[PDB]
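Chains as they are written, first to last, in the authors' numbering: chain C, 23 to 335; chain D, 9 to 1005; chain H, 3 to 76, 168 to 238; chain G, 3 to 41, 48 to 76, 168 to 238.
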Amino acid sequence: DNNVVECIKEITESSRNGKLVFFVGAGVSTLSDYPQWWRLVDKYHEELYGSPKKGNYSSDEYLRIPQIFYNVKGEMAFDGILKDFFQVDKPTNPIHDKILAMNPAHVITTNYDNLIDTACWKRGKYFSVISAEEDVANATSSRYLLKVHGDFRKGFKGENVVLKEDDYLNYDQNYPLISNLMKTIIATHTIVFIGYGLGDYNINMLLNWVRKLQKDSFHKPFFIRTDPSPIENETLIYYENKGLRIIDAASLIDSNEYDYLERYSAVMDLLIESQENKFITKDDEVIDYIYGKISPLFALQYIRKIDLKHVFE
Amino acid sequence: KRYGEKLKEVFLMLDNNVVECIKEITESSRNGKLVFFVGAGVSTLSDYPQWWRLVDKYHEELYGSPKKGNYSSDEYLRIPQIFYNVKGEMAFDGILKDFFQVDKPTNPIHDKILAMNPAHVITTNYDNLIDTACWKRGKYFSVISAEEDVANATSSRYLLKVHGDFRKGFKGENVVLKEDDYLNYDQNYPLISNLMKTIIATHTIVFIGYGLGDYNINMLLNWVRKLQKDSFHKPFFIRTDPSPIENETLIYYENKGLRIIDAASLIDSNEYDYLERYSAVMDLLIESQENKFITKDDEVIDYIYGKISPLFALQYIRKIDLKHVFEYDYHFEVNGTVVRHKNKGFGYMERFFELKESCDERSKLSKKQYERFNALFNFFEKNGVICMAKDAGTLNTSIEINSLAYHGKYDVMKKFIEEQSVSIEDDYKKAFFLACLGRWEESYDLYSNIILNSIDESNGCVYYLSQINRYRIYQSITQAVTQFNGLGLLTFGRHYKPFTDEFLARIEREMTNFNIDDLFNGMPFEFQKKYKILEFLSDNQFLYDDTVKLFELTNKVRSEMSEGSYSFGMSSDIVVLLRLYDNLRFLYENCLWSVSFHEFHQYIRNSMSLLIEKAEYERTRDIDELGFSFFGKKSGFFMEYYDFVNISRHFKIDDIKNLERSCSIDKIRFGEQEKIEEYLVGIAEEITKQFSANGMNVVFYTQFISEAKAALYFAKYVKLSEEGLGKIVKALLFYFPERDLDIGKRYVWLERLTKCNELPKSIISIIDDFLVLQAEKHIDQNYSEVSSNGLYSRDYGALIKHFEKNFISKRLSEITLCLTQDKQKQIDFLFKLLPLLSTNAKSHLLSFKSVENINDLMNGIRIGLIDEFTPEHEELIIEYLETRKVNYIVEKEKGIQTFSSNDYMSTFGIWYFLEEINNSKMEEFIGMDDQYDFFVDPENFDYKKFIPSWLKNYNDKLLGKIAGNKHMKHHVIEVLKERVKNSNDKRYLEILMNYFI
Amino acid sequence: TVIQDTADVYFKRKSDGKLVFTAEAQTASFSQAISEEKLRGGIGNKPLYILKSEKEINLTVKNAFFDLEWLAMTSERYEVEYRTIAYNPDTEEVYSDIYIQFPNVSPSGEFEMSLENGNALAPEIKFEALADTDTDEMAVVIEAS
Amino acid sequence: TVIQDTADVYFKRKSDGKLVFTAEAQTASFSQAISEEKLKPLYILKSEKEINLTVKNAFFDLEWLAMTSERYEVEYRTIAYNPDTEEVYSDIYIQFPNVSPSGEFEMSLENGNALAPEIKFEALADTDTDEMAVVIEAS
């Protein structure tokens, strides 16, 4: 698609300049088979009501039933279920390193795992992992692996992560500093949403925040969409009106319903190879491209032939 | 002039708290975390209009007269507000333009602010003085004064002009001047407010040009109250009021959470001497910006411990790079002298070195300090650091010590490789050993393993080294696969693929679009700060210093040679050698894979070439009487074991040939013959093991054959033991590839070792075994000697005959007695070895065959079976000369050429010139080649075809005969003396001196 | 102004008439020094004299382009077809071309194992003309009118 | 083991004898030319000489700076050293009372941060004295 190749140009330009930052949602953690929140919801509902909700869980349920577990059974039971489910460890899929292949200045994410942390461990990308209020001050590096909702580095406990209903309802008071840092990273760096999903509460609050204070003064965040099927027109147009650059790789690279890693890698390589792939087709494009590289050269009085190597890459 | 002196007097008396503030500001600037809040106070120094002026002006317009009273903070906001609503925004615009539209010069404070390299600069000023001060410095701060600006900022650095400015226009709408503007700050500047808040949270804050009770200061203090306790770095305030801050005021404004510095306390000044106070503060900061915080002579051990303690990780580093540790405060020369380069505080290191000299003074140290001093002294010895240059005595230059990888040990590396790796350092050395052993695929994969393990263990150093080593070995595999697929398939015949195609694809996919230029750039901030010493390795243009230093030192040494100057002290050759050995140690002992790369090849090659060239010159140099007075029997250039290793490894055959040709290296005495003999027998053992066994590594073969080739070639100079000589000859004759070292190279290197030391009878047996093997190998008629140099096995037999006057190769004789007519090829070759085979076998061969043509006549006459040139033999030569003549006249229409026929023609011409062949038809064949005429009839021959080969590729008896002939002597001596005059050559000199005159 | 007789060098298999690779010649060092038994030790008799001169021709070419077929299909001997124009001082531009060939040659240089941190584009490669007992030097010169 | 000829040079004013600066010896070049001989019953050794020197690590005398046809003297100080006796108590005194501040650095504006103010010298001469260079042996 013409729109998609335009997005490719913008994203790859930001990667060239290091202006690219990646919002990583729970979907990336799903690919590595990290435990999902809805499995935990089913557990919670089974313990409370004696059996999981037979019908599909609503967002209100998804948030309240962890909160019900927090209330009737107590906080320590909540932390216990957290420990039993999320103590499992899995490796980092290539998608994390490919995300780092874009050379981001920051890595924003709502995740609570440390799969990106381990991926930068292998790739040796020292992003200062901010995950709490106190983490703001001790920030060692300008680069940030910003855990928007925190993670279990200190331990597997509820307070360490934004999981239950209250945290989503009381996020602003709980994380004003991380909110500020996030707001400004969105303000200046070009942004990508991955694994975030369209309709997630986080994407909703972020869209509200950008639409609130910015008046044609935001860098349209990108939403690389990794879904079983191509995006629907109605949903795509609706979300674009909100303001977003949604890149749906299902149409670009064909993939069956569960070809999740496949289309993740497909979009990631659509970015990676495109930046290294300098497209030039036409014959008049010979003069156009060669002059686009030689346009600055006219100013200098004379230039060595040897130095032209850096001009044409 | 004494302003700096007065400020350093102010320093050393500042309150500890103020000193600590200054330090934190410093380290923030170095870390790029400094954010300078620039208030209107700095603009006041630059004469920029003060706000009270406009406030009084608005009062005047509104009520027709000035207030004649103090405007409160609300009044300072209300008065502009009432004026804005009353006269309209047009009058506000007008007054704003008239007052604030005035150019100013950037005061000293403006320049000093941008000299701190602040991460960002925030200002509540509306001038563009800070913008111009930013532009002049060369850096680029992206201005920010509007919601639109926040989105548009090309650079990471931002000039955050909060409260807007007038760059868009001289209108109040873009500035905060009136009660309406201050009240609705968040309403109008939301995005700016958020960017400002994050910048405050992340980066260190410095309030300058401000009042302790300013509006924004209070807003930021409400924001830091909102912040979690101990999750905020106290911002820095620079009070510049002439009055001294009161104790109560200090207590209160510190309670607010401000680290405030009061200029009045620091320095005394007049009441209107604002510029002096601002400058005092800022020049205090700038003054102590680089290792200036030396506490005392009791803190010397402590200071240097903090400077050096992170450096204990590295096993050894070049002393040239020890300057970076102290920020060029002390230049450690390569020899080790501590040349003072920059220092303000006393006892920076001189006290520490004094403690080294004075045991009692060291005893005054605390036990903690004593242990720290001991560790530092041990580390400095490990680095080679010599005593302070001020007290530097005679300094011994000792060869730098390295590990086994540099050595020629190969079984020990396998021993380690099979051993269990205790730590990632051991595994790192293991992967280095694998790379050295040619096992580049296992080396690469194991390097990836250490990458992962180390970064798990957070060994920043070893991780850095392993990163670069993984890149280097990747490049090694990639290039080697390129050379394989390109030529290596030609070198053997079928391409070897030890690196499996899937393995290559996996490696290529594993890394790409990565350059080591940013390897150092991606590392943690503590690593980059403490280990700048390893930045030298960072770039792909490795040896970013040493090569040009070698170049300029060559230039200097060459000039020394040509002019012949009697140098003193550490000459340029000595600094070249010290750099050479320090670089070799720092690389090989640190285990970087770069050791094998071509850059190091060139560097070491040129280092040792220059050293040997100077070693030759200083021998030949004549000594003037004043020169002899300066020095006599001066030191030479000993070739220790390390020198032999370096030369053998990093040179190739041709360059060693050039070195030996120009420099009479044989005159240079060698030493440490035991260790070099061990190295040579180790190389011989390695090649013997690799070729005795069918199993081997082509990857190791290509790398090490050149090393072995040069090492064996250079082996001539040092003496070998009888066992060493036997092992050498057996590794050479029977276990050296024909692919690279053909039969002729095999022979000539054998001859080099022969010249070196006499060949015992065991070696005679080895050469005889070689000869018998070739005699049997010619059982195939297809078999035929192939050697580019033209040196054959008959050469080997000639060596046996030279050494042994009497020795019968009974195996060859038995072979003869076994041959038949069908084995005529074996017959021919055994004939080639007639002097070695026995008497009955000689009769066997003589009965088998004899001369039949020119080739066979040459064969026969070579070993000399024919004691007198028969009439038939000279007649056959005449017949082949008729063949050459008809072929020449036929070739006269074509392009005449001679490559092998000219050899026979010259031989016959020489024999005629020697009078051996009286056949006068030789004279009839005069003119086909210049040499033929030159020999048979030199008088008639035109004395213009004299080839340089004829003039140097001579023969001694032929030389005597030439000198006998006056006719040829005149022309040959004329041209020969001419040629030596044009270009001084030893060979022409010896033609001249020895025989002609 | 510069050398205007660019030497095209063709490398063909000797056993069969297939082209291995084509490159561009860059230099040729011609070496000639007696080393048999060092400078002294060769066969010598009163009436006898043998020319023990041994000489070697060294070459180096750049920009080698290997035949697709030869890569595809993959004791062995290879030939050369040095193709220079036969210029003269009287005429530095001559229709006639000088044809040099080294049927006995071994593709073998020292560039193998050469690791330049930044991969180079000058795969310069050395050559050494093999000889034989019958043929002292096999290199041949012929000029085509 | 290094060359033990770290000679000290005293650059003093010949006019009165004040000390200008002290440095450490670096090199000393000696050369001659005989081209002029070519154009001798009245034989003449037409082999003029030119003694070039250089010093390193110059430290300027404070008074010489303070106060500021002008001739200068050079006093070389070297310990004697023999093959038979590596070190010798006697010290060889070399002096060049007649030199010139030879301009050869000549505003070398290198952009590196190296503190190398090497000073070249030319041993001047006169009609009466072919070259002022003088040697003496303490022994």
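C-beta: ideal position from N, C-alpha, C; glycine also.
Contact set for residue i: own chain, Cβ-Cβ below 7 Å, skip 5 residues either direction
i: H:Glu71; result: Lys20
i: D:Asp632; result: none
i: C:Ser296; result: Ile30 and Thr34
i: H:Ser31; result: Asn60
i: H:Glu58; result: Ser33 and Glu221
i: D:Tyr166; result: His128, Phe149, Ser150 and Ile152
i: H:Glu203; result: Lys219
From the options, residue whose alpha carbon lies closest to that of residue i
i: D:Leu740; options: D:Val988, D:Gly703, D:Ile695 and D:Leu728; result: D:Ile695
i: D:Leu865; options: D:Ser846, D:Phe839, D:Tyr282 and D:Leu845; result: D:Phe839
i: H:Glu56; options: D:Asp830, D:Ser796, D:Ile620 and D:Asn523; result: D:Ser796
i: D:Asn182; options: D:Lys850, D:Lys205, D:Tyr134 and D:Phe149; result: D:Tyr134
i: G:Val198; options: G:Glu169, G:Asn212, G:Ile191 and G:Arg176; result: G:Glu169
i: D:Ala272; options: D:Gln711, D:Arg285 and D:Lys727; result: D:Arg285
i: D:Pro250; options: D:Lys237, D:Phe605 and D:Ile269; result: D:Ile269
Interface partners of residue i on chain D, CB under 8 Å
i: G:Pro182; result: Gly640 and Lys641
i: residue 344 of chain C; result: What is shown of chain C runs 23 to 335, which leaves residue 344 of chain C out entirely.
i: G:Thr8; result: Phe576 and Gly577
Local Cβ density within 10 Å of residue i, reported as buried at 16 or more and exposed below that
i: D:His339; result: buried
i: D:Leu688; result: buried
i: D:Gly47; result: buried
i: D:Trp601; result: buried
i: D:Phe942; result: buried
i: D:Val232; result: buried
i: C:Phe45; result: buried
i: D:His975; result: exposed
i: H:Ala25; result: buried
i: C:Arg38; result: exposed
i: G:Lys40; result: exposed
Close Cβ partners of residue i (< 6 Å) along its chain, the five nearest in sequence each way excluded
i: D:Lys179; result: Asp101
i: D:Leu634; result: none
Contact list for residue i against chain C, beta-carbon separation under 7 Å
i: D:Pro243; result: In chain order: nothing, as chain C lies at least about 12 Å away.
i: D:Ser239; result: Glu155, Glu156, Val158 and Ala159
Sequence-distant residues of the same chain with beta carbon closer than 8 Å to residue i, five excluded per side
i: D:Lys242; result: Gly265, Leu266 and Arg267
i: D:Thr906; result: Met913 and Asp937
i: H:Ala232; result: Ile59, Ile193, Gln194, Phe195 and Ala222
i: D:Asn521; result: none
Chain-ordered neighbours of residue i on chain D, where CB pairs are closer than 7 Å
i: H:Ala222; result: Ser796
Neighbour list for residue i in chain D, Cβ cutoff strictly below 9 Å
i: G:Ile5; result: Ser575, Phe576, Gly577, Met578, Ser579, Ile582, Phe639, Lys642 and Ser643
Under 8 Å from the C-beta of residue i: neighbouring residues of chain G
i: D:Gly972; result: The contacting residues do not exist; D:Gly972 stays about 38 Å from chain G at best.
>> At 4 residues or longer, what runs of the alpha helix (DSSP H) sit wholly inside the region 954-994 of chain D?
In response: 956-960, 964-972 and 974-990
> Enumerated in chain order, which unbroken segments of the alpha helix (DSSP H) with a length of 4 residues or greater are wholly contained in the region 62-127 of chain D?
Replying inline: 81-95, 97-108 and 116-122
> Fully enclosed by the region 181-237 of chain D, which alpha helix (DSSP H) runs are 4 residues long or longer?
Replying inline: Within the region 181-237 of chain D, the runs of alpha helix (DSSP H) that reach at least 4 residues and sit entirely inside it are, in chain order, 187-191, 193-196, 198-210 and 223-234.
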